[PDB]
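Chemist:
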Amino acid sequence: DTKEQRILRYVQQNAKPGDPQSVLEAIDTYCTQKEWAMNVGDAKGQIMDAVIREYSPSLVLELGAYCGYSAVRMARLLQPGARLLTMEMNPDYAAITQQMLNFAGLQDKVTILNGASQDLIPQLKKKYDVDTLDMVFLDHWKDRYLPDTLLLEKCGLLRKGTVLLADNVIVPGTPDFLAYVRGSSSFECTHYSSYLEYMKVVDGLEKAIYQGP
Ligand SMILES: O=C(CSCCNC(=O)c1cc(-c2ccc(F)cc2)cc(O)c1O)c1ccc(O)c(O)c1
Ligand SMILES: [Cl-]
Ligand SMILES: [Cl-]
Ligand SMILES: [Mg+2]
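Mapping of the sequence shown onto the working numbering: position 112 corresponds to residue 118, and the numbering continues sequentially without gaps.
#1: Where are the beta strand (DSSP E) runs, 3 residues long or more, that stay fully inside the segment 125-160, in chain order?
#2: Could you tell me the boundaries of the alpha helix (DSSP H) in which residue 50 lies?
#3: Could you say which of 18, 31 and 105 lies nearest to residue 204 if we only look at CA atoms?
#4: Return the first residue and the last residue of the alpha helix (DSSP H) that residue 118 is part of.
#5: Quick one: what does DSSP say residue 80 is sitting in, helix, strand or coil?
#6: So what does DSSP say about residue 199, is it helix, strand or coil?
#7: Does the separation of the CB atoms of residue 16 and residue 40 fall below 9 angstroms?
#8: Would you say residue 169 touches ligand 2, meaning its beta carbon is less than 8 angstroms from a heavy atom?
#9: In the DSSP assignment, what are the bridge partners of residue 194?
#10: Comparing the CB of residue 120 with every heavy atom of ligand 4, is any distance shorter than 8 angstroms?
#11: Quickly, what does DSSP pair residue 209 with across the bridge? List them, please.
#12: Taking just the CA atoms, how far does residue 173 sit from residue 10?
#13: Answer with buried or exposed for residue 219, where buried requires no fewer than 16 other C-beta atoms within 10 angstroms of its C-beta.
#14: Under 6 angstroms from any heavy atom of ligand 4, by CB: list those residues in chain order, please.
#15: Starting from the C-beta of residue 150, find all residues in its chain whose C-beta is less than 7 angstroms away, skip the five residues before and the five after it, and write them out in chain order.
#16: Take the Cβ of residue 212 as the centre, count every other Cβ of all protein chains shown within 10 Å, and call the residue buried at 16 or more, exposed below.
#17: Is residue 34 near ligand 3, with its Cβ less than 8 angstroms from a heavy atom?
What follows is the structure, given as structure tokens:
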């Protein structure tokens, strides 16, 4: 089996069905005690939670699901009727994520789309009936943060006040994205220093609020 299969099995055997908090705790225990994995983790996860609670977004897009940790984290705090769309290009990861969300009881709030973000973003309006996004969580390949942000804008998916929240802006890092948003009058940026998941290594999140053209 793979590491992601191992993590899902551990959650299924160490968490309570329909209890998202127990799911998160199980994943964090596994990844601290058994094997590291690229989930956002509890340190950065607490900062994500604080942001979600501040903005109460009605429609969130996540780029990169992995095993579903961040999707569980966000979707458990959404208000009734609010929704998360997550784009996962790796089909094996998409399948893990779906099963993680099903176990957490969050499946009705989340739609996991298996494909490349650059292919799916242009379909969001016409195929998925999206108008504009309240929040975007970036956690996919780090060289894709900037091109996909510029694509979201092109496609008319950002509105005044759309919150972008980007993982891993220090490790592995996303230097083009970070320079861009920090230099642009169309974004208001805040850096949240933290730690790499499950490690004593500095990392951070960047929040960039879109201000229009
Ligand atoms: O699209 C994907 C993968 S997106 C994963 C991006 N995320 C990361 O890489 C990521 C990495 C690190 C990290 C790694 C090593 C370190 F030493 C330190 C940090 C941490 C994070 O929090 C991350 O989010 C895909 C498609 C098709 C495929 O066949 C496939 O295998 C994969
Ligand atoms: Cl994650
Ligand atoms: Cl952590
Ligand atoms: Mg990450």
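Even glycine gets a Cβ: it sits at the ideal position worked out from N, Cα and C.
Modeler: Quick look at the numbers:
#1: Segments of the beta strand (DSSP E) lying fully in the segment 125-160: 141-144.
#2: Against the sequence shown, residue 50 aligns to sequence position 44. Membership of residue 50 in the alpha helix (DSSP H) is indicated by the continuous run 47-61.
#3: Within the sequence shown, numbered from 1, the residue matching residue 204 stands at position 198. Out of 18, 31 and 105, the CA that lies nearest to the CA of residue 204 is found in 31.
#4: Position 112 of the sequence shown, counted from the first residue, corresponds to residue 118. Counting along the chain, residue 118 falls outside any alpha helix (DSSP H), though it belongs to the beta strand (DSSP E) covering 116-120.
#5: Mapped onto the sequence shown, residue 80 falls at position 74. Residue state, collapsed to three classes: helix.
#6: Here the question's residue 199 lines up with position 193 in the sequence shown. In this structure, residue 199 counts as strand in the three-state DSSP scheme.
#7: Here residue 16 refers to the residue found at position 10 when the sequence shown is read from its first residue. Here residue 40 refers to the residue found at position 34 when the sequence shown is read from its first residue. The Cβ atoms of residue 16 and residue 40 sit closer than 9 angstroms to each other.
#8: Translated into positions along the sequence shown, residue 169 becomes position 163. No, the beta carbon of residue 169 sits no closer than 8 angstroms to any heavy atom of ligand 2.
#9: Start at 1 with the first residue of the sequence shown, and residue 194 comes out as number 188. Looking at the DSSP assignment, residue 194 forms a beta bridge with 215.
#10: Taking the sequence shown and counting its residues from 1, one reaches residue 120 at position 114. Outside the cutoff, so no.
#11: Here the question's residue 209 lines up with position 203 in the sequence shown. Residue 209 is bridged to 200.
#12: As a first step, residue 10 is located in the sequence shown; it is residue number 4 there, counting from the start. As a first step, residue 173 is located in the sequence shown; it is residue number 167 there, counting from the start. Rounded to whole angstroms, the gap between the alpha carbons of residue 10 and residue 173 is 20 angstroms.
#13: Along the sequence shown, read from residue 1 onward, the residue named residue 219 stands at position 213. The residue is exposed, with fewer than 16 neighbouring Cβ atoms inside 10 Å.
#14: Chain-ordered list of matching residues: 44, 46, 145, 173 and 174.
#15: Looking up residue 150 in the sequence shown gives position 144. 123.
#16: For the purposes of this step, residue 212 is taken as the residue at position 206 of the sequence shown. Buried, by the Cβ-count rule.
#17: Along the sequence shown, read from residue 1 onward, the residue named residue 34 stands at position 28. In this structure, residue 34 has its CB closer than 8 angstroms to one or more heavy atoms of ligand 3.
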